[PDB]
Structures are given as C-alpha cells and as structure tokens.
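Quick setup: one chain, the form deposited in one PDB entry, written in structure tokens, and binding and motion questions come after.
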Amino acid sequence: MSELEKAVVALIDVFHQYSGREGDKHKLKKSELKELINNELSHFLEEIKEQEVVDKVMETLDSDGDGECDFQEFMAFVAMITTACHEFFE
C-alpha cells in the first residue's frame, strides 16, 4: 500500500490500541485519551500532567457530549492537530 494508506491504517490502529483498554472498547475515555496524547503525540503536543488539561481536551473534542471520544471525534482531533502543525510551518 501507499504511504497515505499506511497512514490511514495507523490512525485506525492507534485509536484501537487506546480505546480497547477499558470500558467501552470502541471509545476513548479520559484516561485512554491522556495516554494516547502522552505516548503517541510527544513531538506535537505538550505532555499532560494535570486533570484539568485532560478534562479540557475531552470537552473540546467530545462533539456529541457523551463524555468519550469516538472514532469520528478522534479523526476530527487528528485533523485539528495536523492542520495546526501545518499552519505553524505554512
């Protein structure tokens, strides 16, 4: 597969590596989202060390209000992070 398809595959895989840890295996709860950011986005986002930051990130990306981040909400988060990186440089 192409580099773009490898990226799509990796996005799906990372989501599940974190969503499938606890509770609803199809969504990210706060602790899963914190670990995803801290382990997988260390070059793009500041490490999260405070509950208030976890809470604010989840609040910002939880579009449907159910308290967790589903796959569509995760992809919107990825788009936001990627666009912010691009805008930093361009």
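By rigid core we mean the largest C-alpha set that fits within 1.5 Å across both forms. Numbers follow the displayed sequence, beginning with 1.
J.: Rigid core superposed, root mean square over structures and residues, which stretch has C-alphas farther from this form in 6 other deposited structures of this protein, 12-20 or 78-86?
T.: The stretch that sits farther from the shown form in 6 other deposited structures of this protein is 78-86.
J.: Select between 29-37 and 55-63 the stretch whose C-alpha atoms have the higher average B-factor in the entry.
T.: For C-alpha atoms only, the mean B-factor is higher in 55-63.
J.: Where does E73 sit by CA temperature factor within its chain: lowest, middle or highest third?
T.: For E73, the deposited C-alpha B-factor lands in the middle third.
Omitted from view is the form deposited with a small molecule bound, to which the following refers.
J.: Classify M75 as contacting or not contacting the small molecule in the entry with it bound by the rule of any non-hydrogen atom within 4.5 angstroms, answering yes or no.
T.: No, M75 sits far enough from the small molecule in the entry with it bound that none of its heavy atoms falls within 4.5 Å.
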